[PDB]
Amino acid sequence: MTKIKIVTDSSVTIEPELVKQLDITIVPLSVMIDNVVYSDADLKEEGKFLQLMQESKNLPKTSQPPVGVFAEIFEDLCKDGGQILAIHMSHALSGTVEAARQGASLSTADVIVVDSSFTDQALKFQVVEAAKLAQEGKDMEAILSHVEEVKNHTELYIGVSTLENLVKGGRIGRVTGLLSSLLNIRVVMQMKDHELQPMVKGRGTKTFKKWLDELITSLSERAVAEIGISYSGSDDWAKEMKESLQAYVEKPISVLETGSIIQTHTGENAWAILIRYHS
């Protein structure tokens, strides 16, 4: 029989070489910059979108992939007779996973669609694990259950230096219980069960450092499988966090610029820590 094929979306943050090595298909979102629509696939060069967003007259606007695009990719991918497992960013952030469900129903292909409950490198954990097992010839039930195990041992922490992109883009509606009379302020949230939960907020330049010290304390008694760090803007703070965190995980930490889809909604000088604990 034909190996299962893994699909995800371009909100995933992943080393490009791993996409090829694992035969992962990435369905691109799009972003409109000063009324010109770019495919996210053309916005992967380091720092390119950051510069565009710094200079554009308008805040960019992100768009999910069309239903019909998923239908056509699913139809092409199944020509080998194999099943498809599509793992996507949370429905709370984007309609992408729902467009995939609809594309699956329109296709003649045998398509399973899974909401990762995250995005960025936390979505990467599930997609990579799925594709590794797919490559080994595992069946759909075995892959789904291992992906779920990964999801359920994953945590996502995100810091932003302004609220304005979250407000304008709308995903502030997913932040539970945040009260700020200021947009320009530092906030650290945990994405848990499709909600952004504020852990702390503050104007000061030490708001992230003190939170980091608390995270590190909490890691003393945890077995950690993988940590990834993502950022928008410069990588200075991300590299600093890596220096403190690398001691807590054997696997080398991936420090990656987040994609245009995320940058549009977080703003510059944002960061994420994506942790996967041992199952």
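Start at 1 with the first residue shown and count on from there.
Stretches compared: 215 to 223, 58 to 66. Higher mean C-alpha B-factor in the entry: 215 to 223. Look at the C-alpha B-factors of 176 to 184 and of 92 to 100. On average they run higher in 176 to 184. Considering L156, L123, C78, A86 together, the PDB entry gives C78 the largest C-alpha B factor. Ranked against the other modelled residues of its chain, the C-alpha B-factor of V19 as given in the entry falls in the highest third. Among the modelled residues of its chain, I4 has a C-alpha B-factor that falls in the middle third according to the deposited record. Ranked by Cα temperature factor within the chain, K151 sits in the lowest third according to the deposited record. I143: CA B factor in the middle third of modelled residues in this chain (values from the PDB entry). Compared with the other modelled residues of the chain, the Cα B-factor recorded for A134 ranks in the highest third.
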